[PDB]
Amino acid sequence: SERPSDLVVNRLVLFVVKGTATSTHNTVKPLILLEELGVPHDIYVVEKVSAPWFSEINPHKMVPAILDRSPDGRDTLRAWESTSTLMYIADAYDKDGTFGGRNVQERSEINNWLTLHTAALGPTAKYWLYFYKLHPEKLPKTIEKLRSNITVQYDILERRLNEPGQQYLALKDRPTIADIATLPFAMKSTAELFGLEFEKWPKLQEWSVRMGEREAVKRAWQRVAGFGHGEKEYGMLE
């Protein structure tokens, strides 16, 4: 179809939906990294991700998605899938690799822990929530297995954060796009949604609190809850 009247690309545009307890856990990831790097950006609140105009931006028809100007400003490019939005923002805006990785060694571990989330906890959590409340019929045995698979992912993260000096998932010294991608599915509130006691993974809990105390993370959680509840319900925010 046609782009809405109010959709223009003068800078990075992050596509989101109306903030709810379960609508923000993927969209908050690129928003954390934008807040961390202080990247100039707009927010577009999509009413319907099923709308044909949106599929042209993200053929998977989900948020988050990004439209941005190419480095020279002549062309517009796109990023979609939360992990891909983190990789794009790091590529375009994190030139000294503070969150992307400064060398092959740092990027090897960042990509390991980022991909572990993208392949395992991320999709498992998405399937858990889908079967738990979106699938027309309730399938408790499938829901229970997916819940059990989440505990195995928590076990792997817990083991990593028990290693000497390992303050963050990828690097010892600082948080990376691996930590940002993992945080929304490895914090107390999300653990409680899954029906899990988060205190059973103490180093992972400590890690999640340490991440949550970062000012950029606080600002991202604030803003993502508010999107679509302000003066403008849908479209390009002021």
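Each residue number is its position in the shown sequence, starting from 1.
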property: Per the entry, higher mean C-alpha B factor between 121-129 and 73-81; result: 73-81
property: Higher-B stretch (mean Cα B-factor, as the entry records it), 134-142 or 154-162; result: 134-142
property: Identity of residue with top Cα B-factor, from 181, 170, 204, 57; result: 57
property: Record-listed C-alpha B factor of residue 48: chain third; result: highest
property: Lowest, middle or highest third - CA B-factor, residue 21; result: highest
property: Chain-wide C-alpha B factor ranking for residue 219, given as lowest, middle or highest third; result: lowest
property: Ranked against its chain, the third holding the CA B-factor of residue 200; result: highest
property: Lowest, middle or highest third - CA B-factor, residue 68; result: highest
